[PDB]
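S.K.: an experimental structure, sequence included, is below.
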Amino acid sequence: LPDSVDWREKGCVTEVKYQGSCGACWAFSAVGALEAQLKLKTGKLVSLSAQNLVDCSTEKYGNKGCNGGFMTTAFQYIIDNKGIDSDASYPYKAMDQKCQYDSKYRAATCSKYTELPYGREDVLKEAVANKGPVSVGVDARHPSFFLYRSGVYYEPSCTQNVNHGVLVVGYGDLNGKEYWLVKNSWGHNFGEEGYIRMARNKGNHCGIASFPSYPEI
Ligand SMILES: *[C@@H](N)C1(NC(=O)[C@H](CS(=O)(=O)Cc2ccccc2)N[C@@H](c2ccc(O)cc2)C(F)(F)F)CC1
């Protein structure tokens with residue numbers, strides 16, 4: 001496998017989004033993963049509707065909109081629904097709304113998703129290298145996470161109890177420190193312009209490799 005990967009260099013990553021006070025991290029993680037696939041399949045980079053998932057991938061999928069959800073069930077919703085609208089056609093309002101999906105605004109589809117084996121960082125590396133960006137859950141409950149500004153994030157108090165949905169868009173090493181390149185959804189002002197480099201191959205740090213999954217078109 002290549003020593004480093006950055007899907008932003010292949011134009012497969014849309015710009016960082018800001019979820020606001022709505023717990024839609026899972027929805028942003030899911031669309032971000034599909035956005036890369038759509039780019040690989042059609043050649044067009046398009047932001048997909050996180051709001052679409054918030055309002056429609058609900059109870060039936062075990063999700064609670066602005067109060068949390070799963071990236072995997074979000075993927076299944078897209079498969080079952082036979083589509084997902086573009087962000088432009090179904091804009092993010094940071095609040096729970098009635099489902100307003102309309103196939104005339106469909107911007108992507110999904111045929112299946114894959115959940116990687118628990119905590120295998122090498123397997124995650126392979127997926128990121130050969131498949132594309134991967135949705136993952138990380139433990140982001142620690143004060144240090146919120147205050148992260150640069151370098152490689154390592155928190156002694158992190159655990160494998162994930163609670164925040166994000167997107168791994170690459171990996172590499174910075175000054176002798178291996179890391180996973182993570183796209184967050186707290187706006188471009190968080191970390192390094194919306195991104196955070198988290199410790200890689202450090203005992204599944206913050207549970208980043210605990211529950212990885214990626215969709216396919
Ligand atoms: C992000 N804004 C938000 N967190 C979640 O929605 C969170 C994402 S996750 O990656 O931890 C989901 C996950 C957990 C365990 C194993 C694989 C994936 N999901 C939360 C959640 C899930 C389902 C419902 O119905 C509500 C909430 C939780 F509880 F799992 F962390 C809100 C902060």
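M.R.: Good, I have the coordinates. Numbers count the residues shown, from 1 in each chain.

S.K.: kindly list the longest helix within this protein.
M.R.: Secondary structure assigned by DSSP state H gives helix 25-42 as the longest helix of the chain.

S.K.: quick one: the residue most central in space within the chain from the ligand, how far?
M.R.: Of all residues in the chain, the one closest to the mean position by Cα atoms, centre = their mean is residue 29, 2.4 Å from it. From residue 29 across to the ligand, the span is 7 Å (Cβ to the nearest ligand atom, to the nearest Å). C-beta here means a position set from N, CA and C on the backbone, and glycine is covered the same way.

S.K.: quick one: name the residues of the chain near the ligand.
M.R.: Counting by Cβ under 6 Å from any ligand atom, the residues of the chain close to the ligand are 23-26, 62-64, 67-70, 137, 162-165, 211.

S.K.: closest residue of this protein to the ligand?
M.R.: Closest approach between the chain and the ligand, counting by Cβ to the nearest ligand atom: residue 68, at 2.2 Å.

S.K.: which ones are touching that residue?
M.R.: Contacts for residue 68 (Cβ atoms under 8 Å, 6 or more residues apart in numbering) come out as 23, 26.

S.K.: number of residues surrounding the nearest residue to residue 99 once chain neighbours are set aside?
M.R.: What sits nearest to residue 99 in space, not counting adjacent residues and going by Cβ to Cβ, 6 or more residues apart in numbering, is residue 56, at 4.0 Å. Using other Cβ atoms under 10 Å, residue 56 has 24 other residues around it.

S.K.: residue 77 is in contact with residue 56, correct?
M.R.: Yes - using Cβ atoms under 8 Å, residue 56 makes contact with residue 77 at a distance of 6.5 Å.

S.K.: which parts of the longest strand belonging to the chain are buried?
M.R.: In the chain, assigned by DSSP state E, the strand with the most residues is strand 164-174. Residues of strand 164-174 classed as buried: 164-172 (neighbour count, 16 or more other Cβ atoms under 10 Å).
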